[PDB]
Amino acid sequence: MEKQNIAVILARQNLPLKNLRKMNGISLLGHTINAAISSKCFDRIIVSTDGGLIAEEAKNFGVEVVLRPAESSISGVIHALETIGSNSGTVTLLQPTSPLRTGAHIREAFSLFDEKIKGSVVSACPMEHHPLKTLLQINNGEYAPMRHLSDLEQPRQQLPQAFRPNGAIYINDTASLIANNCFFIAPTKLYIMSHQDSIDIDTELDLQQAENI
Amino acid sequence: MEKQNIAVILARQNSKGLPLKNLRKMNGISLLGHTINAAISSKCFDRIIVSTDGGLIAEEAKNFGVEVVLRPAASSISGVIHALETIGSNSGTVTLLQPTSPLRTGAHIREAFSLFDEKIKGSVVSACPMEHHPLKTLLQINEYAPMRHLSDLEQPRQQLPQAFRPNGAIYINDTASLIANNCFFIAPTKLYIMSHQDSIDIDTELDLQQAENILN
């Protein structure tokens with residue numbers, strides 16, 4: 001079992017036919033497949049779907065397809081890895097819903113992965129509102145500061161830089177992903193992307209916004 | 001001295017960013033006016049003070065029949081403290097009401113007030129739900145660390161506590177406490193939940209049109 005760098009693009013059929021909606025003539029799926037290919041980072045690029053329309057689009061792009069029976073992201077990735085029978089090397093989840101995430105973004109993200117430490121590399125963007133400046137509802141009558149009550153009045157500039165995964169990229173050691181059964185594996189490093197490039201396609205406005213960009 | 005319920009509206013005239021924002025009209029009434037109206041209608045205050053450094057803001061304030069304190073040409077706390085000292089009140093309650101939250105009404109204030117406890121005297125702060133969950137984040141610790149658990153990063157919305165953030169519209173506090181603590185967030189801070197629309201904060205032209213559109 002020689003190590004292989006695998007890319008997994010989960011793309012379901014059922015936005016109607018969201019993954020096939022086109023942006024400048026290329027489907028959302030095709031855009032992500034193109035980033036994977038151009039990134040030159042993968043030995044194998046697999047598209048896991050549940051519909052021939054997606055599978056057909058995947059094959060047209062010269063990539064492998066893993067069809068899924070009847071029916072969770074980690075389950076899709078685990079399945080895809082078992083289907084191709086890979087349990088060693090790296091595995092990257094690239095969701096079609098991040099059209100602005102390019103081959104270049106992938107290379108930069110991958111260049112941060114540490115083969116020896118094996119922590120996750122997750123693309124993320126800056127948080128408009130700082131997460132320490134929030135409170136959690138215990139119940140209808142109690143809300144606890146995220147951390148210290150004093151933080152709510154601290155300048156964000158004076159607070160730890162905070163980021164949120166944007167969903168475009170999740171790079172992991174394959175053995176560690178299979179073992180922990182999750183995409184975030186300590187020590188996690190983040191690949192920072194602009195909010196513009198982190199656009200998550202969900203509605204029509206999104207498809208309009210991303211294209212314009 | 002006798003306890004007093006004070007509303008302090010901090011409104012500078014030369015607004016950094018959107019110029020003369022407080023005097024900026026939103027559907028006929030100035031932004032300052034909307035907040036003063038909320039303060040008036042609330043029927044919760046004994047005194048309503050607009051703190052400012054502009055004669056035009058002061059003029060608008062007086063036209064709505066409220067008090068004015070002129071400030072010299074952690075800065076919010078100092079402004080409220082200055083207003084309190086100016087009217088000579090160090091007892092009762094003090095509420096900061098920013099004119100940048102034109103959709104926070106008198107009813108919102110009234111509702112916010114019913115949560116304040118006179119014994120424990122903790123703060124009452126209006127807040128709105130957070131779009132991106134604060135537990136699904138990481139902070140640079142120079143490495144990156146999860147807000148709480150890495151597992152949290154992979155949790156669906158409704159499997160995490162609901163999160164909220166102060167929206168800036170209301171901050172209610174016991175007066176002696178605010179003065180002793182020199183801050184707005186005090187012990188047993190309770191939140192008064194408001195919707196996103198009602199929480200809109202006016203900082204840009206777009207916000208302005210957005211706030212108007214919402215009222216229309």
# chains A, B, ... in the order shown; residues from 1 in each chain; ligands from 1

$ interface_residues --of "chain A" --to "chain B" --cutoff "6 Å" --atoms "only C-alpha atoms" --output "PyMOL selection string"
chain A and resi 131+134-137+160-164

$ write_last_selection --atoms "C-alpha atoms" --output "PDB file, in the first residue's frame"
ATOM      1  CA  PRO A 131     -16.355  34.860  18.459  1.00  0.00           C
ATOM      2  CA  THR A 134     -20.513  36.448  22.165  1.00  0.00           C
ATOM      3  CA  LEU A 135     -22.542  34.596  24.789  1.00  0.00           C
ATOM      4  CA  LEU A 136     -24.177  31.196  24.754  1.00  0.00           C
ATOM      5  CA  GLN A 137     -27.713  30.622  25.876  1.00  0.00           C
ATOM      6  CA  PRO A 160      -6.813  36.644  19.174  1.00  0.00           C
ATOM      7  CA  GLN A 161      -7.307  36.533  15.399  1.00  0.00           C
ATOM      8  CA  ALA A 162     -10.371  34.351  14.806  1.00  0.00           C
ATOM      9  CA  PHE A 163     -11.262  32.379  11.700  1.00  0.00           C
ATOM     10  CA  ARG A 164     -13.990  30.048  10.567  1.00  0.00           C
TER      11      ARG A 164
END

$ select_by_dssp --residues "region 65-185 of chain B" --states "strand (DSSP E)" --output "VMD selection string"
chain B and resid 67 to 70 92 to 96 124 to 129 138 to 140 144 to 146 163 to 174

$ residues_around --residues "residue 17 (chain B)" --least-positions-apart "3" --cutoff "12 Å" --atoms "only C-alpha atoms" --output "ChimeraX atom specification"
/B:12-14,20-22,202-205

$ closest_residue --among "A:12, A:44, A:68, A:101" --to "residue 89 (chain A)" --atoms "only C-alpha atoms"
A:44
